[PDB]
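S.K.: turn this into a structure:
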Amino acid sequence: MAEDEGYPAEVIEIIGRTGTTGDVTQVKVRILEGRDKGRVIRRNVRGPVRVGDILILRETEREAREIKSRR
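M.R.: Residues are numbered from 1 along each chain as shown. Below, you will see the structure:
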(Lines give C-alpha, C1' and ligand atoms only; values in the text may rest on other atoms or scores of the structure.)
Protein backbone atom coordinates (compact mmCIF):
# COMPACT_ATOMS: atom_id res chain seq x y z
CA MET A 1 0.00 0.00 0.00
CA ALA A 2 2.77 2.39 -0.98
CA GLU A 3 4.21 2.17 2.51
CA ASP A 4 7.83 1.24 1.94
CA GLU A 5 9.58 3.34 4.56
CA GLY A 6 10.23 0.14 6.47
CA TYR A 7 10.82 -3.46 5.46
CA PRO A 8 9.46 -6.08 7.87
CA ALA A 9 11.43 -9.24 8.56
CA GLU A 10 10.05 -12.58 9.67
CA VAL A 11 12.03 -14.90 11.90
CA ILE A 12 13.28 -17.83 9.86
CA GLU A 13 15.30 -19.56 12.55
CA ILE A 14 16.47 -18.88 16.08
CA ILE A 15 20.17 -19.05 16.89
CA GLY A 16 20.14 -19.13 20.67
CA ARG A 17 21.23 -16.93 23.55
CA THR A 18 23.82 -14.17 23.70
CA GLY A 19 23.95 -12.85 27.25
CA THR A 20 27.00 -10.79 28.12
CA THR A 21 25.27 -7.52 27.28
CA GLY A 22 22.28 -8.64 29.31
CA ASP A 23 20.66 -11.98 28.57
CA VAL A 24 20.59 -11.01 24.92
CA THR A 25 18.95 -13.23 22.33
CA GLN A 26 20.14 -13.40 18.74
CA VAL A 27 17.69 -14.54 16.09
CA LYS A 28 17.76 -14.78 12.31
CA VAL A 29 15.05 -13.06 10.31
CA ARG A 30 14.37 -12.70 6.60
CA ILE A 31 13.07 -9.71 4.68
CA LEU A 32 9.43 -10.12 3.73
CA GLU A 33 9.57 -7.23 1.28
CA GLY A 34 11.46 -4.10 0.31
CA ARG A 35 13.32 -4.51 -2.96
CA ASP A 36 15.65 -7.12 -1.54
CA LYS A 37 12.75 -9.24 -0.35
CA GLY A 38 14.59 -12.40 0.63
CA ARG A 39 17.44 -11.24 2.83
CA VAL A 40 18.26 -13.28 5.91
CA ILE A 41 20.07 -11.47 8.70
CA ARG A 42 20.88 -11.94 12.37
CA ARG A 43 19.31 -9.42 14.72
CA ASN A 44 20.09 -9.31 18.42
CA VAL A 45 17.37 -8.36 20.88
CA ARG A 46 16.36 -8.96 24.47
CA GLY A 47 13.83 -11.67 25.21
CA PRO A 48 12.81 -14.95 23.55
CA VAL A 49 11.04 -15.38 20.23
CA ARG A 50 8.99 -17.76 18.12
CA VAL A 51 9.25 -18.67 14.45
CA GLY A 52 6.88 -16.31 12.68
CA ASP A 53 7.65 -13.16 14.62
CA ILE A 54 7.92 -10.06 12.46
CA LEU A 55 9.84 -6.84 12.99
CA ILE A 56 10.87 -3.96 10.76
CA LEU A 57 14.49 -2.85 10.58
CA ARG A 58 14.45 0.92 10.27
CA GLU A 59 18.18 0.81 10.90
CA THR A 60 19.13 -2.44 12.60
CA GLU A 61 21.90 -0.49 14.28
CA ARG A 62 25.45 -1.80 14.21
CA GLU A 63 27.48 -0.83 17.25
CA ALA A 64 31.06 -0.99 16.03
CA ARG A 65 32.62 -0.45 19.43
CA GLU A 66 35.68 -2.55 18.69
CA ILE A 67 37.15 -2.58 22.18
CA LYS A 68 40.61 -1.15 21.61
CA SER A 69 41.73 -3.12 24.64
CA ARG A 70 41.79 -6.31 22.60
CA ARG A 71 43.43 -8.70 25.03
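S.K.: from here on, contacts and neighbour counts on C-alpha atoms
M.R.: Noted.
S.K.: what helices or strands is whichever strand or helix holds residue 43 leaning on?
M.R.: Using DSSP states H and E, residue 43 maps to strand 40-46. Counting contacts by 3 or more Cα pairs under 8 Å, 6 or more residues apart in numbering; DSSP states H and E, strand 40-46 packs against strand 24-31.
S.K.: and the strand it packs on, how far from the chain's centre?
M.R.: Computed by Cα atoms, centre = their mean, to the nearest Å, the chain-centroid distance of strand 24-31 equals 4 Å.
S.K.: strand 40-46 and that strand, what's the angle between them?
M.R.: Relative orientation of strand 24-31 with respect to strand 40-46: 150 degrees, computed using axes from the mean of the first three to the mean of the last three Cα atoms, to 10 degrees.
S.K.: residue contacts, residue 38?
M.R.: By Cα atoms under 8 Å, 6 or more residues apart in numbering, residue 38 lies in contact with 30, 31, 32.
S.K.: could those residues go into CSV alongside neighbour count and distance to residue 70?
M.R.: Shown next, in CSV, are those (neighbours: other Cα atoms under 10 Å; distance: Cα to Cα, whole Å):
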residue, neighbour count, distance to residue 70
30, 21, 32
31, 22, 34
32, 19, 38
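S.K.: and the strand holding residue 43, what's buried?
M.R.: Going by neighbour count (16 or more other Cα atoms under 10 Å), the buried part of strand 40-46 is 40, 42, 43, 44.
S.K.: if anything else comes up later, I'll come back, but that's it for now.
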